[PDB]
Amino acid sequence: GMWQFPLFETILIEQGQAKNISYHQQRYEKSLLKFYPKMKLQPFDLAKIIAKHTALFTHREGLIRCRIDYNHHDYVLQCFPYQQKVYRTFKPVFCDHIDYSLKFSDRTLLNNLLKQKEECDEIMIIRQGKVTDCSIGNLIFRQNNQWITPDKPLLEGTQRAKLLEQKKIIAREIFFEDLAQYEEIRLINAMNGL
C-alpha cells in the first residue's frame, strides 16, 4: 500500500530458487526510467537483495512470495508464505480508462473492478474492445494446443515475458468478440506459472 513507495515487484521463490529474477530487474529499471524521467538513479540489484536473505532458501519444499516496494532511492522487502491457488472462471469487466502500464502500488481501481467478479474467481478487463488483464495478472487463452495471450495487455508481466521468450505462449490481438474462438482461460503472473 504504502504512501512513499508507488511501485512494486512480486518475486516467487520456488524449490529454493528465486524465479525470473532478470525479468524483474528489467521491468524494475524500465519502470524507474518511465516514472522518474530526467533523474539519474542507481538502481538496486534485486537478485542481491533476495540472495542475501539466505533463510529464504533453507527449504526446497514450499513457495514464498517476496514483494519489493520501491521508489527512486529506497525499497522495502516483505516475504510471505504462499499456497497455490486455482483460477478458473473470469468475469468480463468493461473499463475503457485505466492505465496500469507499470506495476503501481496504488491499486484502488483494479481492486474496485475485482469487486465486480460476483461468483467468478477473478475478472477480465475489457478496455477499448480488447481483452487485457485480470486484476492480479495477465491472461492466456487456449486454442488448439496453443496458448495465446493479448499483444496489448495493461501490464507487461514478468511471467508473460518469460513465457513469450520461451515460446510457451504466443502474442496476438484479442478483441472481446474473439473470446468465442477460445477453449479455456487462465491467469499467469509471478506466482502462477504455466
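Residue indices: 1-based, along the sequence shown.
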Ranked by Cα temperature factor within the chain, is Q15 in the lowest third, the middle third or the highest third?
highest
Lowest, middle or highest third - CA B-factor, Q128:
middle
Is the Cα B-factor recorded for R186 in the lowest, middle or highest third of its chain?
highest
For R107, the third of its chain by CA B-factor is the lowest
If you rank every modelled residue in this chain by C-alpha B factor, which third holds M39: lowest, middle or highest?
highest
